[PDB]
């Protein structure tokens, strides 16, 4: 009997590639429920399933919208085996811009998806793992959940919020046989300017499109294959005593060293200001 996997946010990126990576695994150990907010976006996932030739029955799609605890319950029930061995909380939104230019609705949505969404999935699925005494939870983490990034203020808030949610749980889950791990990802290959101008000062406006210039270049240098990222999830699954945190790259570990060296936080602020601007 196979390892049942359920994964959120499989329409693209990490979730897509991780789902087909598990379904197509030559061992045929994995039964994957790939869940999508909107089933109409499932096309690239089935293209990829065939290109890696996932066996029939190895991959199924469910609608699961992490904003809606009813969508969550209903997908849980569509799990024919009636347990989950591996849960991957991958679903996530980004949000980029000067804080004062972000809509209130966009800010709340990011917290609701990235943070509350993950709470909803843990509330539906964690008890059964606890009762049974086994299960793996993997949560897609970010470099921005480790260190703040200018103009990603709310994104980082949500990603730090996961660090805090997951670390708290993990302390409780240490002796339960349920293993929670975060997978810390750097960049990965998967308002319009007058609204931005109206809602902010001239100097922030300049610094923002400066930041976008710098950001795009880092992304060209720095963005990983998502197959390579997916494989780290695999590494974590295979681990018999998995750590709370895995990292998909070492590129950002120097900065993380320095930031945690200095517990009043001002070293990090200068270095990152410098790295990003000039």
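Residue numbers count along the first chain shown, from 1. Note that the rigid core is defined as the largest set of C-alphas that superpose within 1.5 Å between two forms.
**Q** Taking C-alpha RMS after core alignment, which stretch differs more from the shown form in 6 other deposited structures of this protein: 199 to 207, or 150 to 158?
**A** Taking the RMS over all superposed structures in 6 other deposited structures of this protein, 199 to 207 lies farther out.
**Q** Which of 241 to 249 and 211 to 219 lies farther, on average, from the shown form in 6 other deposited structures of this protein once the rigid core is superposed (C-alpha RMS)?
**A** If we average over structures and residues in 6 other deposited structures of this protein, the farther stretch is 211 to 219.
**Q** Between residue 190 and residue 191, how many residues of the deposited sequence have no coordinates in this entry: none, 1 to 3, 4 to 9, or 10 or more?
**A** Some 4 to 9 residues are missing between them.
**Q** Per the entry, where is the mean C-alpha temperature factor higher: 248 to 256 or 39 to 47?
**A** If you average the C-alpha B-factors of 248 to 256 and of 39 to 47, the larger mean comes out for 248 to 256.
**Q** Using only the Cα atoms and their B-factors as the entry lists them, report which of 104 to 112 and 201 to 209 averages higher.
**A** 201 to 209 has the higher mean C-alpha B-factor.
**Q** What's the residue among 58, 61, 69, 27 with the greatest CA temperature factor in the PDB record?
**A** Of the options given, 27 has the highest CA B-factor in the PDB entry.
**Q** Where does the C-alpha B-factor of residue 9 rank in its chain, lowest, middle or highest third?
**A** Tercile = lowest for this residue's CA B-factor.
**Q** Considering only modelled residues of the same chain, in which third does the CA B-factor of residue 195 rank: lowest, middle or highest?
**A** Top third by C-alpha B-factor.
**Q** If you rank every modelled residue in this chain by C-alpha B factor, which third holds residue 221: lowest, middle or highest?
**A** Highest third - that is where residue 221 ends up once the chain's C-alpha B-factors are sorted.
**Q** Mind checking which third residue 77 falls in for C-alpha B-factor across the chain?
**A** Residue 77: CA B-factor falls in the highest third of its chain.
**Q** Is the Cα B-factor recorded for residue 15 in the lowest, middle or highest third of its chain?
**A** For residue 15, whose C-alpha B-factor we compare with every modelled residue in the chain, the answer is the lowest third.
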